[PDB]
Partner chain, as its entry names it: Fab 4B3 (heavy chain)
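Coming up is one lone chain in structure tokens, specifically the form deposited without the partner chain.
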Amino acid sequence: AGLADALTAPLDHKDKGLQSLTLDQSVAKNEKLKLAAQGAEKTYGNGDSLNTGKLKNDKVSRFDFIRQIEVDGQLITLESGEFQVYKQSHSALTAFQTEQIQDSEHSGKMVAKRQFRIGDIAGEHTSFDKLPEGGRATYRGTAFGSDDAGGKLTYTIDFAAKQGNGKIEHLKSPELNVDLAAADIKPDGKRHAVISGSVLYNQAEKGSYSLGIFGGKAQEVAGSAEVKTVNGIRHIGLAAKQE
């Protein structure tokens, strides 16, 4: 699996890409993230890198997480649960499956609350100005929500029209098997190629989706979707690669 190696072993250039993943949105500057798996343990670290090179590609890597803060020289637990990592060749994304949190009414109490949220979406960002001038590209991968990593993602990009559209299939929750509506590729603040559009279920708008284009030759897409269901809003992790 390589879960223990990802936490203990240093960064190696011969390892399968994506080799490194900077934890920015996963760990805030004031807090600490303690990860544990296969008897190993490591603490991060806003800006610290996760050794993704030791993890397996096109799969979800699972770790036990503890969100800590230093109060009186000691680390105090604020939030705990499962930390999910989906690794690709030029992209990677993090997800948090919360199981426990600090009581909203009391600082010294912990309560059992379940939440699913996407942390980081990073890798080798494709420049909007370096995108292919034309042609169509099909991306195949995984769509992952709370307690379900079995979802199938299909996404198509028309480089001539600078547009993208997709679909989510096979998730246990039928309402999450949504259509990712036609959306334009736009440059971000750093001029990286990004895509944001509407989420549709039975031709009705249920939310939004966002994707980042990754790799020198636009090989991958990674991002998330936020979908309204009968029992509330549910988040889905998105990652797909070209064949």
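Residue numbers count along the first chain shown, from 1.
Remark: stretch with higher mean C-alpha B factor among 208-216 and 54-62 is 54-62.
Stretch comparison (70-78 versus 94-102) by mean CA B-factor in the PDB entry places 70-78 on top.
Based on the entry's C-alpha B-factors, the most elevated value among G197, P187, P174, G45 belongs to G45.
In the PDB entry, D158 places in the middle third of its chain by CA B-factor. In the PDB entry, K109 places in the highest third of its chain by CA B-factor. Among all modelled residues in this chain, the alpha-carbon of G134 has a temperature factor (C-alpha) in the highest third.
Absent from the display: the form deposited with the partner chain bound. The rest refers to it.
In the bound PDB entry, no heavy atom of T138 sits within 4.5 Å of the partner chain. Using a 4.5 Å cutoff between non-hydrogen atoms, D184 counts as a contact of the partner chain in the bound PDB entry.
Shown alone here, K59 lies farther than 4.5 Å from the partner chain in the bound PDB entry, counting heavy atoms only.
Remark: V111 does not count among the residues lining the partner chain in the bound PDB entry, judged by a heavy atom distance of 4.5 Å or less. Although the partner is absent from the chain shown here, none of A9, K34 and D64 has a heavy atom within 4.5 Å of the partner chain in the bound PDB entry. Taking the partner chain as it sits in the bound PDB entry, the stretch 145-165 comes within 4.5 angstroms of it through a non-hydrogen atom at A160, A161, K162, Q163.
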